[PDB]
Amino acid sequence: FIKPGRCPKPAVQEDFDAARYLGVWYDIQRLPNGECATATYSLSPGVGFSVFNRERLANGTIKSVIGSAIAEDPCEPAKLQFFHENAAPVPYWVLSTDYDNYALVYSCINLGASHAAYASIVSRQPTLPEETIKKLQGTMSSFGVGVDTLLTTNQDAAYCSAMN
Amino acid sequence: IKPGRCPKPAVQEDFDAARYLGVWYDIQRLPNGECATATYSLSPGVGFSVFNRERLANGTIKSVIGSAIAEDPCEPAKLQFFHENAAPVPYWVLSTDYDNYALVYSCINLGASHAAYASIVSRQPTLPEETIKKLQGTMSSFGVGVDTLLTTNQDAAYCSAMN
Amino acid sequence: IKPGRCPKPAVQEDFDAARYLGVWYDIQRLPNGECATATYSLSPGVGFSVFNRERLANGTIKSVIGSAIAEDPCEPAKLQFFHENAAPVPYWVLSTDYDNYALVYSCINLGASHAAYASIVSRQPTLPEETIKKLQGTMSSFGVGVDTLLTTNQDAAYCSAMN
Amino acid sequence: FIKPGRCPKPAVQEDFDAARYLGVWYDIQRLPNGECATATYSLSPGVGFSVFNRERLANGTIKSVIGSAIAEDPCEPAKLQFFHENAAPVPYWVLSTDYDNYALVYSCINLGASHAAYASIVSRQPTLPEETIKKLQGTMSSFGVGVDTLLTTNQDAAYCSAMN
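Here it is, written out as structure tokens:
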């Protein structure tokens, strides 16, 4: 996931409301880095929220990873840090969301003169209308993400049946 | 605030977060309420959730919730603490036996100076004087002045409001 | 040390490091020697080299060399300062006209508190009272108490040992 | 330069003497990430040292980049941070050096559950004896660097003539 240049710093969702963002989200499109991916965001007894990521492996098994998400600076609640089990902390930015349909999430780490980027369009449903996807690919283009490089997540009902 | 950079003392080897859960009482701390307790719990995510309580001078219970996460899992004794409306601070478990005492350390660099927090805690409202002496020994080894240590008031009657 | 987290004030737009080089005199600063000057020079690497001088109460000149680097080149006004035997500290040029004044800021988080340094500097040993007032205005906007500001002694005779 | 797992933390050169490390170094072998590469380390009026990297581009031109290197914690003088022009800071660790012949340098950045690594065997001469290279590849193996993945730098006198 490596491109030349430093991390861009795109705009994040204004007035981000973590409470409305909780619940289940489905991956629709992502940069290259399992299928049927969902994230579930929950109340945390501490600060931030707890994260449950699930995906189907090519062999039919469900991989799952638990994590925590915390906005370090509370004045920018849309810029989080994600802590996964046995992973180092990674940035997680909610660039744009309506809370009820779509979200666009971004994550970038500097590597000298290069950077590694993760980006993802997610939805409250296993699908998202083509018009919305287009809008969000527009946003991604504005800070240099190549639309060609985007993979479509397989969210087929039958293939993803093992996710209950 | 003392001159010099943060020391980097040794941390508890093979630190077991599961055994560290539950209630701890402050026995001694560096200057920075009384009757202080911390309660560490299971977190649905990674790390554990923290509930700190203390009695204010006016009799009210102040409480703050937080989260503690070991950023590098290969050093599970070096945590980051995230409190509500606070910036993240380091939290190192230097030494613990899980059932009696712990010694916790936290230090932040300020140029040529540093700010340090240190605390002896216990599973009971009191801790034997021998154990305290041992742990003050450990603190001395990396430059903490034993004179500067305050004793936490854990008197049963004074602390009755903590149920 | 004040309660609350570090503010993040605006920095000088289109900051030109080349024009900022040369000698600056401390006029006012928050509490943390007198006759203080900083001298900024070309660095063969990136950023610039720093030579701070001050007069100690006993008449001796203390001096410390350092390096200043903008980690993110897209924000050239937000530097890191590296002094000998010190940990790195932030250094923000909030406002400067390059030929008369500058206002510099530095803040480090300590949990629910923070430690702040702020300084009004000048190209001359003095600065007009009007300019000082303007810059104190800027400081007030992000919560610096104007009362707490110390005036640096830049008296020609007292500072004669600085050549 | 991306492998799974977190950054290893190998041992660094004990009692590292920055003064002896100054001068000219030639790249002999490196992980994938120009040829004829040299680094020149110099006195810095501030703290740390100044860096001048040079290499030959495939078209015959000399690319050069200036930088600064600083040990943030002076108690670990072998763990530096490198600041290049228009680059974000990267770690630079001197794992092993004799100051007069060879050095082995390492640099690794975490990317969640993965990491990106740079490693380099350098020499005071355009070549280094095969025995020494073997020793240093041994050290690299101990913390999981695949010896197969190592590229040999072209330091041919004639091809590198443009470097004066």
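Chains as they are written, first to last, in the entry's author numbering: chain B, 21 to 53, 58 to 188; chain A, 22 to 53, 58 to 188; chain A', 22 to 53, 58 to 188; chain B', 21 to 53, 58 to 188. A prime marks a further copy of an entry chain. All residues carry an ideal CB built from backbone N, CA and C; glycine is no exception.
Completely contained alpha helix (DSSP H) runs for the segment 127-166 of chain B', where each covers 4 or more residues: 154-165
Within the continuous beta strand (DSSP E) that includes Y183/B', where are the two ends? Taken as a continuous stretch (DSSP letters only), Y183/B' belongs to no beta strand (DSSP E), as it is neither H nor E.
Those residues which DSSP pairs with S92/A' across a bridge: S74/A', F107/A'
Between the CA atoms of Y126/A and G168/A - distance to the nearest angstrom: 21 Å
Could you give the DSSP three-state label for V118/B': helix, strand or coil? strand
Could you tell me whether the segment 129-145 of chain B touches the segment 120-136 of chain B', where touching means 3 or more Cβ pairs closer than 8 Å? yes
For the candidate residues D47/B, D37/B, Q33/B, whose alpha-carbon lies nearest to that of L175/B? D47/B
Would you call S185/A' buried or exposed, if buried means 16 or more other Cβ atoms sit within 10 Å of its Cβ? exposed
Relative to the C-alpha of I22/A, which residue among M187/A, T177/A, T173/A is closest? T173/A
Quick one: what's got a C-beta closer than 8 Å to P150/A''s C-beta in the same chain, skipping five residues either side? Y46, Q179, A181, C184
Which residues in chain A have a C-beta closer than 9 Å to the C-beta of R26/A'? List them in chain order. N110, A111, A112
Is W45/A a contact residue of the ligand GTP, with contact defined as CB to any heavy atom under 6 Å? Although the ligand GTP was asked about, the structure shown includes no ligands whatsoever.
Go to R40/B, then tell me how far its alpha helix (DSSP H) extends in each direction, as first and last residue. 38-41
Proximal residues to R26/B (C-beta, below 7 Å), its chain only, five neighbours per side dropped: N134, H139
Using the beta-carbon count (16 or more within 10 Å), is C60/B' buried or exposed? buried
Which residues in the same chain have their Cβ closer than 8 Å to the Cβ of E100/B', if we skip the five residues on either side of it in sequence? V32
If we define contact as Cβ-Cβ less than 7 Å, is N77/A' a contact residue for chain A? no
Using DSSP's beta-bridge definition, name the partner residues of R80/A. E59/A, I86/A
Report all residues from its chain with a CB closer than 6 Å to the CB of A102/A; omit the five preceding and five following residues, and keep chain order. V32, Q33, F36, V118
Exposure of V171/A', with buried meaning 16 or more beta-carbon neighbours within 10 Å: exposed
Select from the segment 114-141 of chain A all residues with a C-beta closer than 8 Å to any C-beta belonging to chain A', and list them in chain order. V114, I133, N134, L135, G136, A137, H139, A140
Host beta strand (DSSP E) of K29/B (start-end): Run containing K29/B: none; DSSP gives neither H nor E here.
Alpha-carbon spacing of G84/B relative to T62/B, whole angstroms: 15 Å
If you follow the beta strand (DSSP E) that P24/B' is in, where does it begin and where does it stop? 22-24
Would you tell me roughly how many angstroms separate the C-alpha atoms of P24/A' and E154/B, rounded to the nearest one? 49 Å
Could you check whether the Cβ of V44/A sits closer than 7 Å to any Cβ belonging to chain B? no
Reference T64/B, options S147/B, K159/B, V114/B, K29/B, closest by Cα: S147/B
Which term fits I86/A, buried or exposed, when burial requires 16 or more other beta carbons within 10 angstroms of its beta carbon? exposed
With 16 other CB atoms within 10 Å as the buried threshold, where does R80/A fall? buried
Where the segment 88-104 of chain B' meets chain A': residues whose CB sits under 9 Å from a CB there: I90, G91, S92, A93, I94, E96, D97, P98
Tell me, which residues are paired with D47/A' by DSSP? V146/A'
Please classify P113/A': is it buried, with 16 or more other beta-carbons within 10 angstroms of its beta-carbon, or exposed? buried
Short of 7 Å in beta carbon distance, which residues of its chain neighbour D124/B, apart from the five on each side in sequence? Order them along the chain. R148
Can you tell me whether DSSP reads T173/A' as helix, strand or coil? helix
Report yes or no: is there a C-beta of chain B' within less than 7 Å of the C-beta of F106/A'? no
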